[PDB]
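Visitor: First piece of the complex, coordinates kept as in the full assembly:
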Amino acid sequence: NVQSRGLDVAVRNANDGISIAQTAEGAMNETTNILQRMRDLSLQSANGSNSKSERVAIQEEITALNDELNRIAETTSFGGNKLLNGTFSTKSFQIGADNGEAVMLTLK
Amino acid sequence: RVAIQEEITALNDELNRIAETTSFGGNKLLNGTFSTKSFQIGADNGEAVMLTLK
Amino acid sequence: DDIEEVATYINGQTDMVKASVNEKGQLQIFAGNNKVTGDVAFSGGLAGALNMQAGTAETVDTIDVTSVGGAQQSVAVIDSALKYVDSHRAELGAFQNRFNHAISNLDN
């Protein structure tokens, strides 16, 4: 009965660890979209046809998007627990009916 | 040349009308009084992005 | 970083205080009474350039959302109250559970 109850708690524990990995990945989904857009802007700016005025105009959206990445990193959270800014570090998720059975999730 | 200048002053006043009258539900935007406004986009306070209209 | 980015950075780097910015571009910091006792002391170069003045006790009753600054500070204040209510709901939940165990024991 102690193992059965600990297995119920372990299933909840694994599900919560799935939730944090899911939310963090969803945030990284927009980090990929923002980065790819910055790559298209960088390629367009490198073209020799552009003059200084247009390169500055492209730089405006580069800086707006770059600030967008930092906002995603600093604001993404799971109930106030910031994930993507590096303060999450390594947290161990207990998946098991007995103590000592946990898996280390690292968010960077 | 004078006749053109009357077209220039007709359009020049049109620009000042666009600046003074353009508004979003009565809140003027392009006349310079908008200045900088912070838009709160986030589940917790302090997460805002400043939009500056000139 | 612009001032609104300093505010979001401080939010992600700690949970003891909540930073914001009001209509005048002044950085507000709110230390809830559920987390911090006494007075908060500010130092460093950034605080030297952002003289933080003295602290004023704010509660839910004194919330005034008629300003950008007042609204931001009221989000933090309402969060302190929400933690306060949840905490007491957990003390009453533990009390009820312990009294259900007591009833079962007395029946035996």
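Guide: Nice, thanks for sending it over. Residues are numbered from 1 along each chain as shown, chains lettered A, B, ... in the order given.

Visitor: Now the helix or strand that residue A:56 is a member of: buried residues?
Guide: Following DSSP states H and E, one finds residue A:56 within helix A:52-75. Within helix A:52-75, the residues scored as buried using 16 or more other CB atoms under 10 Å in any protein chain shown are A:58, A:68, A:70, A:71, A:72, A:73, A:74, A:75. Any C-beta I mention is one placed from the backbone N, CA and C, and that applies to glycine too.

Visitor: residues touching the residue in chain A positioned nearest to chain B, list them.
Guide: Closest contact between chain A and chain B, by CB to the nearest CB, is at residue A:75 (5.0 Å). Neighbouring residues of residue A:75 by CB atoms under 8 Å, 6 or more residues apart in numbering or on different chains: A:82, B:42, B:43, B:44, B:47, C:8, C:11, C:12.

Visitor: Can you pull the phi/psi pair for the third one?
Guide: The phi and psi torsions at residue B:43 (degrees, to the nearest 10) take the values phi -70, psi -10.

Visitor: Residue C:87 is in what secondary structure piece?
Guide: Using DSSP H and E, residue C:87 falls within helix C:68-107.

Visitor: close to chain B, is that helix?
Guide: Yes. Using CB under 8 Å from any CB of the partner chain, helix C:68-107 reaches chain B at C:68, C:71, C:72, C:73, C:75, C:76, C:79.

Visitor: Go through those residues and name the one nearest chain A.
Guide: residue C:79 (8.7 Å).

Visitor: can you slot in chain D too:
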Amino acid sequence: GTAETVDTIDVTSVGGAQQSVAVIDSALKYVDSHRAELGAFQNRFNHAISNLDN
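Guide: One more chain to add, chain D, which I have set with the ones above:
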């Protein structure tokens, strides 16, 4: 030098008109540059909306 703007444009003379081509060009760069700021702000807010929905 004399401070000139679109408001001060006076095309009644050849000299005034030539000055007005340069003045209008600078104004057109001012309008375009602000429109690029507002375009970047809109796109950034669309990326933010996608992130918050996720």
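
Visitor: The buried residues of helix A:52-75 with chain D there, same question as before?
Guide: By neighbour count with 16+ other CB under 10 Å, helix A:52-75 contains the buried residues A:57-61, A:64-65, A:67-75.

Visitor: ok, which of these also contact chain D?
Guide: Among the buried residues of helix A:52-75, proximity to chain D is found for A:57, A:60, A:61, A:64, A:65, A:67, A:68, A:71, A:72 (CB under 8 Å from any CB).

Visitor: how about these, which pair is most distant?
Guide: Farthest pair in these (CB to CB) is A:57 and A:72. Separation: 23.9 Å.

Visitor: picking up where we left off before, between helix D:14-53 and the helix holding residue A:56, find me the angle.
Guide: 20 degrees (axes from the mean of the first three to the mean of the last three CA atoms, to 10 degrees).

Visitor: Just the angle for helix A:52-75 relative to helix A:2-46, thanks.
Guide: Going by the same axes, to 10 degrees, helix A:52-75 makes 170 degrees with helix A:2-46.

Visitor: what's stretch C:57-72 in contact with?
Guide: For stretch C:57-72, the external contacting residues (CB under 8 Å, 6+ apart) are B:38, B:40, B:45-46, B:48, C:20-24, C:26, C:28, C:30, C:73-74, C:77-78, C:81.

Visitor: For residue A:7, which non-adjacent residue is spatially closest?
Guide: residue A:97 (4.8 Å; CB to CB, 6 or more residues apart in numbering or on different chains).

Visitor: go on, residue A:42?
Guide: Take residue A:42 and drop its neighbours on the chain: the residue closest to it by CB to CB, 6+ apart is residue A:62, 7.4 Å away.
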